[PDB]
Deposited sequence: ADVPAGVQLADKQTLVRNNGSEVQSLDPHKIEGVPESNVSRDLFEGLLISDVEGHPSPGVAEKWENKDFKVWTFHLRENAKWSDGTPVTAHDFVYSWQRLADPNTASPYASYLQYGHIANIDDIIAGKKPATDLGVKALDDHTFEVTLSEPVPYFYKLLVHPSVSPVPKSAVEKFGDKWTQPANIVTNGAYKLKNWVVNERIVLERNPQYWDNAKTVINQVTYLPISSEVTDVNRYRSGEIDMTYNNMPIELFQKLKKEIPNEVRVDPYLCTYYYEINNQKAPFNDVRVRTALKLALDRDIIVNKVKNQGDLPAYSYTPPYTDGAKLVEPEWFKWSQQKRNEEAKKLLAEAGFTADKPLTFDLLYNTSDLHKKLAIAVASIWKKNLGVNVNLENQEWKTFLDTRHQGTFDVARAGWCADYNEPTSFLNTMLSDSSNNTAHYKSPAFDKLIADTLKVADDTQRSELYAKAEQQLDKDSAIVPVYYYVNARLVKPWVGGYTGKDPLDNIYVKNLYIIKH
């Protein structure tokens, strides 16, 4: 943390945060969500971290070099330590990325190393070679070398993600799946796990082995798993919580805006809200059915009349304000709603539905989502005659259901892991481990794979625009809105600028002002 000369630090340095729901796990190779990542960044540190404005900065690596953006060399700081006082070395990385890549780990983010194009990743994912063949190696105890099969100029931006954080071999091998309990867990980020009471709370305390421990200010942090947005704002307003989760209730939002405007933080967020369709299940394997759903949803109504929190109406997967994006708005988005509706009733009738398509719409337990689900079910009923049945599951189960394919249409949100369009686009590759839409298009795949062979960034951005158009002509998903990051932060929380579009908060960077 960097307390501005002049301010007064509270006597007690503690912070309570709402995390939106119970984490899937705390093992870095088993998580995929925003809540899990929030906790993960306070416990595990990889080569690079983001600074307070979102820029990639030195983490365990102190310096790194590249040869043609193809061979990356990371020089780890000599004092990096695990909470057990043992040293973090490059072997910890080698082992770690080997475990992520390995099919027996079954990480939902196994594909992250195909996103970075580490040599031999495909064959390893496919079982043709063993994980030990991955293009990574410790040159010495402090130099970690990565070999990519293609130059990836943005490779260092991917490395702030939790999946590429190191995990401690000794604990993993002893304790297996139980290595993450308070008893056995071993960490290397600014914090270490104090307690973990499921459906109750996660409490972390400063880690004395941490290399930047001298700058760390907050001593204890509690992460709450509250999935009700009304309760989060209420317990905040009662003084029990310092920073809510960043999902605001439709209900009390404009209210709060009038009573406590400077506690209402609203910033650009690189996330898209959409209805994910299971592209493999009849009748959603028909493009006419997918397109009719896409067209008949009225975004003006959802974004400007039922949510009204500043979100922008969406026509693409990748948010147009992503660095490097240059998207074309499709025709359909320029029509009026009535014209989209006419066109949607004709594609359905052509696919054999009249007076009706019936299907389930799944959401994760939440006051916000339930509200938009009912609103969308009524809009699709009214505009298209489709009957929807609503289903709700808890966070963990919801994620498992989408990976497994046992849903029709699900409410979804994807946030960038690094600010570059492949952070979105790579999740639609046929073999991606994050492809919960189950979309498979050889034309899409080839557009993305060509992006690593162009010579220039301009060429690169034109293939990103054509990939978004290929996804839109397939109507793989139903784009709803590009998010704003809205949460409530108490006046006495310092360090949180809110200017990072990825929202990569580190508790080590915050500090409680005297109050």
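Visitor: In sequence order, which deposited residues have no C-alpha?
Guide: Gap vs deposited seq: just 356 to 357.
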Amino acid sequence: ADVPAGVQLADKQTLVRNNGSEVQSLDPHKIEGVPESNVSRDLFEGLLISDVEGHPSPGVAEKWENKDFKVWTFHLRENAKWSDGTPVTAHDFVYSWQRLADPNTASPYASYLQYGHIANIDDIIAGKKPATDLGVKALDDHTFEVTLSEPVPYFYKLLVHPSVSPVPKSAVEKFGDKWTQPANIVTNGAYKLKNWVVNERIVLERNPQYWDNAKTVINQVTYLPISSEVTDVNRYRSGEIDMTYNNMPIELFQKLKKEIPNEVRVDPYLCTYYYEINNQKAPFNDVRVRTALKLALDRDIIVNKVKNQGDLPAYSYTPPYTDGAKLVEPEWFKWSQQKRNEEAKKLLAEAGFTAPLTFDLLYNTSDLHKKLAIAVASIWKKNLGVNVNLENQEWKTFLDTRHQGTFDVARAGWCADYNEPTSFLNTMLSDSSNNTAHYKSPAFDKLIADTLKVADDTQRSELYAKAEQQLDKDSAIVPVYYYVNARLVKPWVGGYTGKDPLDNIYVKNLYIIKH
From here on, numbers count along this sequence of modelled residues.
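Take the two forms, find the largest set of C-alpha atoms that superpose within 1.5 Å, and that set is the rigid core.
Visitor: In 9 other deposited structures of this protein, superposed on the rigid core, which stretch sits farther off in Cα RMS terms, 195 to 203 or 274 to 282?
Guide: Between the two stretches, 274 to 282 moves farther in 9 other deposited structures of this protein.
Visitor: Please pick 37 to 45 or 453 to 461, whichever has its Cα atoms farther from the shown form in 9 other deposited structures of this protein after a rigid core fit.
Guide: Stretch with the larger root mean square C-alpha distance in 9 other deposited structures of this protein: 453 to 461.
Visitor: Could you settle it for me: does 148 to 156 or 129 to 137 have the higher average Cα B factor in the PDB entry?
Guide: Result of the comparison: 129 to 137.
Visitor: Could you settle it for me: does 336 to 344 or 177 to 185 have the higher average Cα B factor in the PDB entry?
Guide: Mean B over CA atoms: larger for 177 to 185.
Visitor: Between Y363, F359, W82, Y317, which one tops the list for Cα B-factor in this entry?
Guide: That would be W82.
Visitor: For the C-alpha B-factor as written in the entry, point me to the maximum among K466, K30, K490, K473.
Guide: If I rank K466, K30, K490, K473 by C-alpha B-factor, first place goes to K490.
Visitor: Sorting by Cα B-factor within the chain, modelled residues only, which third would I448 end up in: lowest, middle or highest?
Guide: Bottom third by C-alpha B-factor.
Visitor: Could you say whether, by C-alpha temperature factor, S430 belongs to the lowest, middle or highest third of its chain?
Guide: For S430, whose C-alpha B-factor we compare with every modelled residue in the chain, the answer is the lowest third.
Visitor: Looking at the entry's B-factor column for C-alpha atoms only, identify whether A61 ranks in the lowest, middle or highest third of its chain.
Guide: Highest third of the chain for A61's C-alpha B-factor.
Visitor: Which third of the chain holds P268 when residues are ordered by C-alpha B factor: lowest, middle or highest?
Guide: Within its chain, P268 is a middle-third residue by C-alpha B-factor, going by the deposited values.
Visitor: Place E420 in the lowest, middle or highest third of its chain's C-alpha B-factors, as listed in the PDB entry.
Guide: Lowest third.
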